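Asks: Handing you a structure now.
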Amino acid sequence: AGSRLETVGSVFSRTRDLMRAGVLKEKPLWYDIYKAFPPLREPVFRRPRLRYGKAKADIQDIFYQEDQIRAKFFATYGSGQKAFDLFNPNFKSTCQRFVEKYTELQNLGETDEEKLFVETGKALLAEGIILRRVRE
Amino acid sequence: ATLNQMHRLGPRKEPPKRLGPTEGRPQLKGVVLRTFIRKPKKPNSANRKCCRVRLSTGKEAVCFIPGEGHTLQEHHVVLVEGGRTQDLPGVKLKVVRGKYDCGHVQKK
Amino acid sequence: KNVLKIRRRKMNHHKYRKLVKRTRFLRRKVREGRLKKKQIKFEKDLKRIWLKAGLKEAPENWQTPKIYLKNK
Amino acid sequence: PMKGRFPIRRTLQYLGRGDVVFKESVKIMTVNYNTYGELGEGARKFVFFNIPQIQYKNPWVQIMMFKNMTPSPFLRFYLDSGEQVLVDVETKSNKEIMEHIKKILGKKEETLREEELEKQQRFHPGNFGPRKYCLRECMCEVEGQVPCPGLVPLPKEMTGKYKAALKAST
RNA sequence: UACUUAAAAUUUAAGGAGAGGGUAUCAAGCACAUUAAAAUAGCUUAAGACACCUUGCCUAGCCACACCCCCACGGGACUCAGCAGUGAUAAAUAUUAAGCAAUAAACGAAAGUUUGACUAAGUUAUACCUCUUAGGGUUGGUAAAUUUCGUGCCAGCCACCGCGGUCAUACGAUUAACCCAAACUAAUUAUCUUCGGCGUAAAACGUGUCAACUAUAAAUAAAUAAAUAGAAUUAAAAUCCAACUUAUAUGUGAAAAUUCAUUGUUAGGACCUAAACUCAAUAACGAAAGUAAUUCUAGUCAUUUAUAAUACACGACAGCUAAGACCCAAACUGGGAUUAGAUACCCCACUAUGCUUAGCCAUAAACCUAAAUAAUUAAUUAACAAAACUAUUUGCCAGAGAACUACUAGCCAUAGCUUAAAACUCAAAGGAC
Ligand code: FES
Ligand SMILES: [K+]
Ligand SMILES: [K+]
Ligand SMILES: [K+]
Ligand SMILES: [K+]
Ligand SMILES: [K+]
Ligand SMILES: [K+]
Ligand SMILES: [K+]
Ligand SMILES: [Mg+2]
Ligand SMILES: [Mg+2]
Ligand SMILES: [Mg+2]
Ligand SMILES: [Mg+2]
Ligand SMILES: [Mg+2]
Ligand SMILES: [Mg+2]
Ligand SMILES: [Mg+2]
Ligand SMILES: [Mg+2]
Ligand SMILES: [Mg+2]
Ligand SMILES: [Mg+2]
Ligand SMILES: [Mg+2]
Ligand SMILES: [Mg+2]
Ligand SMILES: [Mg+2]
Ligand SMILES: [Mg+2]
Ligand SMILES: [Mg+2]
Ligand SMILES: [Mg+2]
Ligand SMILES: [Mg+2]
Ligand SMILES: [Mg+2]
């Protein structure tokens with residue numbers, strides 16, 4: 001005798017009810033543990049439904065301020081000929097060095113985006129990085 | 001219907017209760033005119049005993065005679081009552097056994 | 001979705017159209033006479049009005065229009 | 001489900017909750033309100049919720065409502081003397097409007113109670129008669145009095161049938 | 001009943017806050033208004049006039065009637081709808097009784113008198129009450145309760161579903177049980193009455209526009225894809241004419257008939273009839289119907305929003321009326337096949353008709369089978385379809401068939417359309433899976 005009704009309540013509430021009824025005479029071993037350290041949300045059944053009309057989800061597009069600079073670099077020079085290594089947690093790509101220098105110049109107080117983009121290219125050229133302005 | 005439409009029309013119109021073979025009366029008295037047999041609409045099979053009568057109102061109707069065996073003949077007087085004979089279509093009257101010329105069924 | 005209810009109406013209309021065809025001439029004579037009675041009733045209703053008002057003759061220059069005859 | 005919005009407005013209890021009983025002078029109450037705007041919200045709620053309650057307690061007063069005829073909502077009462085009491089209800093809640101009209105043109109609780117008692121002056125508990133009008137139809141119902149012969153048969157000596165027999169016997 | 005002038009009971013007349021039976025197939029009534037020089041042309045009505053039908057209602061009681069002609073001078077068929085009683089009629093059945101002792105009324109100053117009002121009785125299971133006897137119906141399911149025999153789709157039985165053709169708990173007789181009980185069962189009648197629905201079950205009107213209410217609250221719209229109307233225009237394929245030209249051409253699953261006045265070619269002529277491939281795998285325009293070959297002209301647009309008929313303007317196809325057109329298609333008709341027959345499906349020929357110009361007709365499965373409008377997408381699976389659902393306004397629906405019918409009214413409609421019942425029959429019909 002039990003409560004095989006998984007669409008009403010939760011495993012804990014159904015076990016609480018069965019013990020109050022008088023059908024379940026011994027507490028399960030997981031019961032006292034759930035009572036002391038419950039989950040954040042109650043595990044109750046809910047039927048997924050589609051959104052209709054003008055209802056929309058609430059998910060923020062993740063766009064940092066560096067992306068404005070990064071978009072320009074990929075459009076002008078593409079991806080750096082050096083290959084990304086996504087296994088190195090501290091990898092510094094050619095584009096990320098461009099954005100770090102572009103930020104440094106902007107801290108000095110340069111207000112023109114055109115000035116910051118052509119000056120940054122010159123600085124990296126002095127560093128020796130091979131930037132190819134590939135329109136193709 | 002909207003509340004304005006319910007207001008403009010009011011309660012539902014009720015068709016009048018048309019009368020039946022007895023004309024809204026418990027019984028009628030009639031004079032037998034003919035005695036004949038009527039056949040019950042299928043799936044039933046029998047020779048049901050009926051008679052035509054002229055009711056006190058002046059109309060003529062067909063009346064089923066219940067019971068096993070009747071002595072009714074033309075010019076006899078009978079007291080008819082309501083109640084349709086389910087198998088016999090159109091027979092909406094019945095004769096009362098034990099009143100006027102019609103008598104109680106002879107017990108066997 | 002069957003069409004059974006449409007077939008009952010289909011047969012009623014077919015049989016009715018053939019009945020009208022058989023008795024077309026009779027129906028024509030019924031109508032011409034129903035219109036004539038419809039006209040007499042119209043005239044009498046107009047005579048009732050002026051007679052009740054107290055006039056002994058219809059208003060001068062008045063002739064009841066023949067509105068049900070083959071005027072069109 | 002009862003139709004319409006706020007179906008509680010169509011219950012006798014709600015209609016009887018109205019507290020504005022106008023004085024006999026009040027004859028007409030014209031309601032000028034606007035269907036669109038922000039300063040007329042209380043007026044619109046007054047027509048929605050309160051006008052039914054006022055009419056229920058004042059059946060003989062003519063309430064006629066006009067819409068979107070003026071920039072601001074107002075109430076104008078017409079009295080039997082010929083006086084006209086104008087009330088301005090803009091920026092006023094529907095409850096505030098009811099309280100204002102109750103004060104200026106509403107009968108007091110003392111007056112209403114006096115009228116209630118006068119209405120029932122001719123009902124007496126001692127009076128005997130039909131149930132619609134009286135508590136008891138007959139004195140037989142009272143305790144200690146002779147009971148109805150139908151319920152309890154009377155003594156033979158109290159019966160005309162018996163007395164007549166004796167008079168013949170004498 | 002008081003005063004020389006006022007309190008009641010009871011009525012009458014003129015009115016009106018509101019309420020008040022049915023039929024809208026009764027939709028118009030026809031003088032039904034106002035002013036007050038006597039003119040003006042109004043009055044009532046889909047918020048139900050008018051007409052007709054039915055009914056006593058408001059119940060401490062009220063209203064109408066009093067032989068009949070609504071009335072009652074008059075006339076007539078010349079009086080119990082006062083109590084009891086009779087005839088006839090009806091399913092319907094109280095005494096041709098006693099007393100004015102009580103109360104009420106009339107009269108009298110009064111003792112009093114009078115009263116089929118009334119009081120006390122008589123009659124009757126119609127009801128209630130107290131007692132005493134026990135009868136009535138039922139016993140397949142709904143629904144409390146059957147033993148045995150008889151009958152054998154017969155005789156009979158049932159409110160509904162149903163039972164009876166040989167073992168019938170359903171009929172008849174028995175037996176035993178069940179229910180109610182001085183009653184019990186049958187017939188008749190009455191008591192219960194709209195906040196529900198409208199894709200597929202009854203139900204959103206073929207379309208749009210203007211009113212008055214009830215609601216709502218915003219201040220725009222439109223801005224070259226096939227709306228609509230007019231004029232002009234033409235590419236392909238036909239048709240006709242001509243030149244040349246096979247002997248056949250045409251037609252079917254196979255044939256037959258038809259045809260050689262044919263057939264094939266023409267970078268030959270005429271025609272401008274009819275219809276607009278590809279684009280179009282597009283989804284535009286318009287109220288809907290509907291609209292797509294090209295060009296030009298005229299032209300769609302702002303009312304907050306929803307909500308309209310008895311008005312107005314539209315409305316595929318088919319059809320009617322007159323004058324034209326005519327390539328092809330094609331009801332009907334004729335000819336040929338098939339078949340038991342074939343008034344058909346297939347073949348061939350050819351009409352009405354499809355086209356233009358005028359007018360009528362007003363119907364579609366006129367169907368997104370979705371009324372319009374503004375919200376919401378969660379605090380929500382009858383099934384299927386097209387997810388659910390709230391609010392506002394109007395329309396519509398109330399078992400099936402009879403019935404896209406009968407009658408009525410309107411209409412250019414005459415074998416028509418719109419409007420649209422009842423009797424009667426049935427216990428289902430219908431939708432989805
Ligand atoms: S009612 Fe009172 S004595 Fe009968
Ligand atoms: K049978
Ligand atoms: K009379
Ligand atoms: K007396
Ligand atoms: K047997
Ligand atoms: K039996
Ligand atoms: K028995
Ligand atoms: K369709
Ligand atoms: Mg039929
Ligand atoms: Mg009719
Ligand atoms: Mg009289
Ligand atoms: Mg008489
Ligand atoms: Mg008399
Ligand atoms: Mg009498
Ligand atoms: Mg009687
Ligand atoms: Mg006196
Ligand atoms: Mg029986
Ligand atoms: Mg039975
Ligand atoms: Mg339907
Ligand atoms: Mg032939
Ligand atoms: Mg032709
Ligand atoms: Mg139609
Ligand atoms: Mg269409
Ligand atoms: Mg039709
Ligand atoms: Mg018709
Ligand atoms: Mg007709």
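Going by the structure tokens order, chains are called A, B, ..., each with residues numbered from 1, while ligands are numbered from 1 in the order shown.
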Counting only C-alpha atoms (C1' of nucleotides), what is within 8 Å of segment 21-26 of chain D, bar same-chain residues fewer than 2 positions away, as a ChimeraX atom specification?
Replies: /D:19,28-29,54,57-58,61,77-81,102,105-107
Asks: Could you pull out the strand (DSSP E or B) residues of segment 25-77 of chain B, going by DSSP on the backbone, and write them as a list in words?
Replies: residues 28, 29, 30, 31, 32, 33, 34, 35, 36, 37, 38, 48, 49, 50, 51, 52, 53, 54, 55, 60, 61, 62, 63, 64 and 77 of chain B
Asks: Which chains and residue numbers are within 10 Å of ligand 15, counting only C-alpha atoms (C1' of nucleotides) and all ligand atoms, if I want them as a PyMOL selection string?
Replies: chain E and resi 92-93+124+126
Asks: Residues within 8 Å of ligand 19, counting only C-alpha atoms (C1' of nucleotides) and all ligand atoms: report them as a PyMOL selection string.
Replies: chain E and resi 201-203
Asks: Residues of chain B within 10 Å of chain D, counting only C-alpha atoms, what are they? List them as a VMD selection string.
Replies: chain B and resid 1 to 3
Asks: Let's have the selection written as a PDB file, in the first residue's frame, with N, CA and C atoms.
Replies:
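So again21.pdb came out as:
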ATOM      1  N   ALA B   1     -26.673  34.272 -24.004  1.00  0.00           N
ATOM      2  CA  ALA B   1     -27.274  35.613 -24.251  1.00  0.00           C
ATOM      3  C   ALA B   1     -26.751  36.622 -23.236  1.00  0.00           C
ATOM      4  N   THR B   2     -26.657  37.877 -23.658  1.00  0.00           N
ATOM      5  CA  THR B   2     -26.222  38.943 -22.772  1.00  0.00           C
ATOM      6  C   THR B   2     -27.347  39.334 -21.817  1.00  0.00           C
ATOM      7  N   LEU B   3     -26.971  40.043 -20.749  1.00  0.00           N
ATOM      8  CA  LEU B   3     -27.968  40.491 -19.783  1.00  0.00           C
ATOM      9  C   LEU B   3     -28.984  41.426 -20.421  1.00  0.00           C
TER      10      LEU B   3
END
Asks: Neighbours of ligand 16 within 10 Å, counting only C-alpha atoms (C1' of nucleotides) and all ligand atoms, as a PyMOL selection string?
Replies: chain E and resi 106-110
Asks: Got a sec: who's within 10 Å of segment 9-13 of chain D, counting only C-alpha atoms (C1' of nucleotides), leaving out chain neighbours fewer than 2 positions off, as a list in words?
Replies: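 The filter keeps residues 2, 3, 4, 5, 6, 7, 15, 16, 17, 18, 48, 49, 50, 52, 53 and 56 of chain D.
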Asks: Would you output that residue set with C-alpha atoms, as a CSV table (one decimal), in the first residue's frame?
Replies:
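Contents of the output file again-v1.csv:
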chain,number,residue,atom,x,y,z
D,2,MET,CA,-23.3,34.9,-12.9
D,3,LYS,CA,-22.7,37.0,-16.0
D,4,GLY,CA,-21.2,40.4,-16.2
D,5,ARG,CA,-18.4,42.1,-14.2
D,6,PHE,CA,-18.8,42.3,-10.4
D,7,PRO,CA,-21.9,40.1,-10.3
D,15,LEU,CA,-28.4,46.8,-3.2
D,16,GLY,CA,-29.5,47.1,0.4
D,17,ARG,CA,-26.1,48.2,1.6
D,18,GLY,CA,-26.8,51.7,0.2
D,48,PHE,CA,-20.7,51.6,-11.6
D,49,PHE,CA,-21.1,50.8,-7.9
D,50,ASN,CA,-23.2,53.4,-6.2
D,52,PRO,CA,-27.7,51.1,-8.2
D,53,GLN,CA,-27.6,51.4,-4.4
D,56,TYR,CA,-32.8,51.0,-4.7
Asks: Need the shell around segment 77-88 of chain B: protein/DNA/RNA residues with any atom at most 9 Å away, counting only C-alpha atoms (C1' of nucleotides). Skip same-chain ones fewer than 6 positions apart. Format as a PyMOL selection string?
Replies: (chain B and resi 20-22+25-32+38-44+48+53+55+63-64+94-97+99-102) or (chain E and resi 91+158+186-188)
Asks: Which residue out of E:426, E:215, E:62, E:276 has the minimum interatomic distance to chain D when only C-alpha atoms (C1' of nucleotides) are used?
Replies: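 Selected residue with least distance to chain D: E:215.
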Asks: Enumerate as a PyMOL selection string the residues belonging to chain E that approach chain C to within 8 Å, with only C-alpha atoms (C1' of nucleotides) taken into account.
Replies: chain E and resi 30+200+404+412+414-415
Asks: Compile the residues of chain A that lie within 7 Å of chain E, evaluated using only C-alpha atoms (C1' of nucleotides), and express the compilation as a list in words.
Replies: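 Every residue meeting the condition is included here: residues 51, 52, 53 and 55 of chain A.
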Asks: Please produce an output containing N, CA, C and O atoms for each residue in the selection, written as a compact mmCIF listing (two decimals), in the first residue's frame.
Replies:
# COMPACT_ATOMS: atom_id res chain seq x y z
N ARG A 51 4.44 29.01 -24.55
CA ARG A 51 4.06 30.41 -24.45
C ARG A 51 3.26 30.81 -25.69
O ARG A 51 3.50 30.31 -26.79
N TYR A 52 2.31 31.71 -25.49
CA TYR A 52 1.41 32.13 -26.56
C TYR A 52 1.29 33.65 -26.54
O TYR A 52 1.51 34.29 -25.51
N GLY A 53 0.95 34.21 -27.69
CA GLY A 53 0.79 35.64 -27.81
C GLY A 53 2.09 36.41 -27.65
O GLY A 53 3.02 36.23 -28.45
N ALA A 55 3.90 36.56 -24.65
CA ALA A 55 4.74 36.07 -23.57
C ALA A 55 6.11 35.67 -24.13
O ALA A 55 6.21 35.04 -25.19
Asks: Identify, counting only C-alpha atoms (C1' of nucleotides) and all ligand atoms, the protein, DNA and RNA residues located within 8 Å of ligand 6, and give them as a VMD selection string.
Replies: chain E and resid 170 to 172
